[PDB]
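So the protein lines, in turn, are chains H, L and M. Residue numbering for the first sequence follows the authors' numbering, starting at 1 and increasing by one per position. Residue numbering for the second sequence follows the authors' numbering, starting at 1 and increasing by one per position. When the letters of the third sequence are read in order and numbered with the authors' numbering, they come out as residues 5 to 29, 39 to 65. Structure first, commentary second.
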Amino acid sequence: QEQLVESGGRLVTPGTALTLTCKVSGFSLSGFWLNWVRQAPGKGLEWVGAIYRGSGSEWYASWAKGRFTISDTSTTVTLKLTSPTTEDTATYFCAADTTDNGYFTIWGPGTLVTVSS
Amino acid sequence: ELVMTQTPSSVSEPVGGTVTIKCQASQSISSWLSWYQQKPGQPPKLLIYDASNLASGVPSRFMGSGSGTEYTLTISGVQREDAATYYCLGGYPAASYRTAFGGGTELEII
Amino acid sequence: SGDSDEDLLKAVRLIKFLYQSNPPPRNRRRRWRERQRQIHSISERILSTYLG
Numbered sequence: 001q002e003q004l005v006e007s008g009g010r011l012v013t014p015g016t017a018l019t020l021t022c023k024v025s026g027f028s029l030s031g032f033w034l035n036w037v038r039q040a041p042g043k044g045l046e047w048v049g050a051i052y053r054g055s056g057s058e059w060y061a062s063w064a065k066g067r068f069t070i071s072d073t074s075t076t077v078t079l080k081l082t083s084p085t086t087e088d089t090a091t092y093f094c095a096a097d098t099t100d101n102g103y104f105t106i107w108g109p110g111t112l113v114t115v116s117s
Numbered sequence: 001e002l003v004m005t006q007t008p009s010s011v012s013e014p015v016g017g018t019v020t021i022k023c024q025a026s027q028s029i030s031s032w033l034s035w036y037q038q039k040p041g042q043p044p045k046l047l048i049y050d051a052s053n054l055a056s057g058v059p060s061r062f063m064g065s066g067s068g069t070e071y072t073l074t075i076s077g078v079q080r081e082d083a084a085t086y087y088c089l090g091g092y093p094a095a096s097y098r099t100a101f102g103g104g105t106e107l108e109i110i
Numbered sequence: 005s006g007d008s009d010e011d012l013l014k015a016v017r018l019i020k021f022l023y024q025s026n027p028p029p039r040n041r042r043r044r045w046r047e048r049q050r051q052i053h054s055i056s057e058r059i060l061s062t063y064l065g
């Protein structure tokens with residue numbers, strides 16, 4: 001049934017544009033919020049942003065705006081890191097809201113991004 | 001804009017004890033509050049939704065409550081498997097103040 | 005000013021899209046009503062965040 005798989009996690013030099021993909025499968029729903037959450041090693045969860053899948057409605061955290069672009073595809077949602085820094089080193093998870101009520105019911109296992117000079 | 005202040009940072013409780021975890025919202029979020037459990041190497045798991053509703057397949061020992069700006073996660077009879085890190089999530093993506101996670105609570109079991 | 009102005013416009017456009025995803029159709042009407050009540054409370058709550 002409902003499944004999320006993130007891919008694209010690599011070791012990158014700071015400023016190297018990188019795209020992560022969230023493969024979206026088994027969702028009966030058409031429109032729903034597909035969220036991006038990051039976790040730096042040994043740190044807490046941080047909300048990056050979300051897109052409401054039926055539309056082109058993108059929403060970003062104050063710190064994320066300009067540095068991250070969420071894009072919707074037919075069977076995928078991507079997160080592009082426009083110009084990463086060492087501070088962007090994290091596991092990136094995609095999380096789906098299945099009700100439109102704000103909470104995350106389905107999560108992907110995560111994809112690790114390392115940013116070193 | 002929205003800040004979720006989560007307290008305490010760490011808690012140590014023996015088996016069968018009660019754990020109280022608090023989240024304070026910097027803005028009025030109403031029932032836009034959920035609780036998550038995260039264990040090492042795993043993605044987080046939903047515990048509580050709409051501030052006080054128990055999620056599908058979660059032990060009855062996990063309780064959520066909210067009064068105005070203050071939200072509480074209570075674990076009544078703590079078990080060894082409850083050793084994890086806990087997070088609240090407040091707000092909504094399209095709200096003026098966005099959505100935000102609390103800083104988390106690391107629970108250790110004696 | 006402009007960031008908040010844009011957000012509010014983006015939020016209303018999103019609210020309209022949600023209403024447009026619930027077009028009117039016994040069991041189907043009960044289902045339709047539940048979903049409208051839900052979109053209404055979400056809209057009311059989203060909008061309140063921009064009203065103070």
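All residues carry an ideal CB built from backbone N, CA and C; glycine is no exception.
Any Cβ of chain M within less than 9 Å of the Cβ of residue i?
i	result
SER74 (chain H)	no
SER55 (chain H)	yes
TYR71 (chain L)	no
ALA94 (chain L)	yes
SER71 (chain H)	no
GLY15 (chain H)	no
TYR103 (chain H)	no
Going by alpha carbons, who is nearest to residue i out of the options?
i	options	result
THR85 (chain L)	L:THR99, L:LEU107, L:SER56 and L:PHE101	L:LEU107
residue 140 (chain H)	H:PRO109, H:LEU34 and H:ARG38	The structure shown does not extend to residue 140 (chain H), since chain H is modelled only from 1 to 117, so the question has no answer here.
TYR52 (chain H)	M:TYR63, M:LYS14, M:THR62 and M:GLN51	M:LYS14
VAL5 (chain H)	H:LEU79, H:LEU29, H:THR89 and H:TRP63	H:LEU79
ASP11 (chain M)	L:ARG80, L:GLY102, L:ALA95 and L:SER10	L:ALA95
Could one say the Cβ of residue i lies closer than 9 Å to chain L's Cβ atoms, at least one of them?
i	result
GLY26 (chain H)	no
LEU13 (chain M)	no
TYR23 (chain M)	no
With a threshold of 9 Å between beta-carbons, can residue i be considered close to chain H, or not?
i	result
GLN51 (chain M)	yes
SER8 (chain M)	no
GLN38 (chain L)	yes
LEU60 (chain M)	no
Grab the span of the beta strand (DSSP E) containing residue i for me, first residue to last.
i	result
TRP47 (chain H)	45 to 52
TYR36 (chain L)	33 to 38
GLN39 (chain H)	33 to 39
For residue i versus residue j, is the C-beta spacing smaller than 9 Å?
i	j	result
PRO41 (chain H)	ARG67 (chain H)	no
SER12 (chain L)	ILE109 (chain L)	yes
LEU18 (chain H)	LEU81 (chain H)	yes
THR89 (chain H)	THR114 (chain H)	yes
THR99 (chain L)	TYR87 (chain L)	no
Starting from residue i, follow the alpha helix (DSSP H) in both directions and report where the run begins and ends.
i	result
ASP82 (chain L)	Neither: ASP82 (chain L) is in no alpha helix (DSSP H) and is coded neither H nor E.
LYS20 (chain M)	6 to 24
Check your understanding: Would you call the stretch 14 to 31 of chain L and the stretch 66 to 80 of chain L touching, i.e. three or more CB-CB distances under 8 Å?
Key -> Contact between the stretch 14 to 31 of chain L and the stretch 66 to 80 of chain L is present, because at least three Cβ pairs lie under 8 Å.
Point to revise | the stretch 43 to 52 of chain M in contact with the stretch 39 to 58 of chain L per 3-pair CB rule at 8 Å | key: As far as the Cβ criterion goes, the stretch 43 to 52 of chain M does not touch the stretch 39 to 58 of chain L, which means the pair count is below three.
Practice item. Count the C-beta pairs between the stretch 81 to 98 of chain H and the stretch 16 to 35 of chain H that are closer than 8 Å, then say yes if the count reaches three, no if not. Key: The stretch 81 to 98 of chain H makes contact with the stretch 16 to 35 of chain H, as at least three CB pairs between them are under 8 Å.
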